[PDB]
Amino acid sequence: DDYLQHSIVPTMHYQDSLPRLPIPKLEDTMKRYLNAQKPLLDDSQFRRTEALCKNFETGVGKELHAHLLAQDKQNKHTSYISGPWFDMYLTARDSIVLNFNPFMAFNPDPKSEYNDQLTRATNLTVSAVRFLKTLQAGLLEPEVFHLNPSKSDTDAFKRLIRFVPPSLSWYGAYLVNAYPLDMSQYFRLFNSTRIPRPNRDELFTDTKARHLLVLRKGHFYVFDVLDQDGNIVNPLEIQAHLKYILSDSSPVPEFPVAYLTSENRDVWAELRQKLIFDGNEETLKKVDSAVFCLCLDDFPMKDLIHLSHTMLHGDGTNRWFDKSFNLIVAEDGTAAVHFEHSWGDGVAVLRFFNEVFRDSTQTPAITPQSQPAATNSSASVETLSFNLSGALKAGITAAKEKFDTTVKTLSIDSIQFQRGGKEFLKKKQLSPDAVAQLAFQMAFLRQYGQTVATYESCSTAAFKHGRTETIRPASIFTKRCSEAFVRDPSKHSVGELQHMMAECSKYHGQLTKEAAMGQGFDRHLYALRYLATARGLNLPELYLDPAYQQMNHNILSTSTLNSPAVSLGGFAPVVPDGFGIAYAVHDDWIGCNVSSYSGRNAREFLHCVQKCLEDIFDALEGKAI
């Protein structure tokens, strides 16, 4: 059949009973905020911020908090952070390219000949449509985080739980230490795009649409991947239609329209309206509502750096950046999902990513020897045409110049630390995540002699309409430990170093579990600020404090996701003087892909990460510095 999974428990079985996202006590939030400030602020800055915190907790903050709580109790179908967080993304006027959109790259099909571009484009496309089908049918297994997978990820439990009504089903999983996740974001995975508009962009979805969008050399093509009955178009036909597209000899347009999706959101909002005025509404409608955008790149990957630039931004011509996601397949079969971040988070895209990799490699629709269906692709595949006025041509030329100049300034490079990873660190009773984050802190001290604002993404999808919370890895413990390794390495015995590292690990694990439970401080303080602005009030002084602005100017911006399906991932710095650090600690090695602009040096940082990781492993192995 056209399904890649056959869950007996409906996909959405736990959604109705998901716990609401907790609002912390204000007292806990201000304490956590100041705790994160401790490594960043000098004595007088800290005392000044401590004083604003007290004012806030006693004054306008207490009143904003009372109102946050009452609003939440009137909207128990949702989360307090959901509206504010969507608004954070959609009101942002900066380019979504680099600023917001990340990538994750698939590992190759382990069967060598399946990495042929046509074979893999077809297999990955068909598997993505099978994911859409399985989601529609409620046949995708619910997302569930198991503490004891051997007790709860069992047919035995699944047979039982399916009889528990959705109003109670979450409780049945909770009682076996399983935690069902929110899955409401999957409503925007397919047939969805972001539409640029003044003030605040729009999330658009059209579930009726049955066609794929393909970009090749900056030309736009659409064809159906679902027939009128609701079945997947025969994969041999899809193969034919893709072969047709791959055969187009037309040069890259003089005015590649995909450049516009990289503009400032107000600029693009106005140019899109001009596109409509010039009669393009039908064309844009087909782009907007396609199942997703398949991007066929006309070159192989030179190396990991090239791959990373290719999947993060490409050259500006062959990605529709607004789309829920772009599935990119290069000439050597290298594939990635580049996604728009406003509609959903890492956990939702990763499940799609994992199922698509598993299906496309284990149950490929076609083989490198399949004969495309005898079909008249020119009748089935429409080549889209945009009517561009002079103002549109000029806007595309400007979009291109701005794209080219900015991307020019972006560097990305990687390390593969091979001495060990998760196995060895867990043996030493440490959180691998904490160790990576320590290494980043220690690296930055070694390189710049500073402790700086640090961001780690944490899913709050254990709750109804959850998104993310910020883990704040820069702690007094990481700062002390880094100082010991970097500044006075002869002052401490290996036992002392190992203990310092143990205290980093514990506090990091504590922050991680708090964040996952909604007990960070970042989202809470953000929702209070949002509430004050939405009520038409002056910004409270807490938020005007340089230290608050510093806490949210994330020089070290980090994110990890791990899966056997992901070769690597990337994102650009979130600030001009920042790094963007995609990392994974695997069973036996550690990988970091780091981006930077002109204001930072990613190569040096990575040399420092390498050195710090060597120093950390040496101390852990008993060896002296």
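Whichever C-alpha set is largest while still superposing within 1.5 Å between the two forms counts as the rigid core. From 1 onward, residues are counted along the sequence shown.
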| query | finding |
| --- | --- |
| RMS Cα shift after core superposition in 6 other deposited structures of this protein, winner of 441 to 449 and 338 to 346 | 338 to 346 |
| Stretch departing more from the displayed form, 486 to 494 or 206 to 214, Cα RMS in 6 other deposited structures of this protein (core fit) | 486 to 494 |
| 42 to 50 versus 568 to 576 - which carries the larger mean C-alpha B factor in the record | 42 to 50 |
| Selected stretch [higher average CA B-factor]: 545 to 553 or 496 to 504 | 496 to 504 |
| Maximum C-alpha temperature factor, selected from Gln371, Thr454, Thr125, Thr310 | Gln371 |
| Top Cα B factor in the deposited entry, candidates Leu528, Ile245, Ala394, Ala290 | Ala394 |
| Within-chain third of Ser414 by Cα B-factor, per the entry | middle |
| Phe190 CA temperature factor, ranked by third within the chain | lowest |
| CA B-factor ranking of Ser598, expressed as a third of its chain | highest |
| CA B-factor ranking of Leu135, expressed as a third of its chain | lowest |
| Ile616 by Cα B-factor - lowest, middle or highest third of the modelled chain | highest |
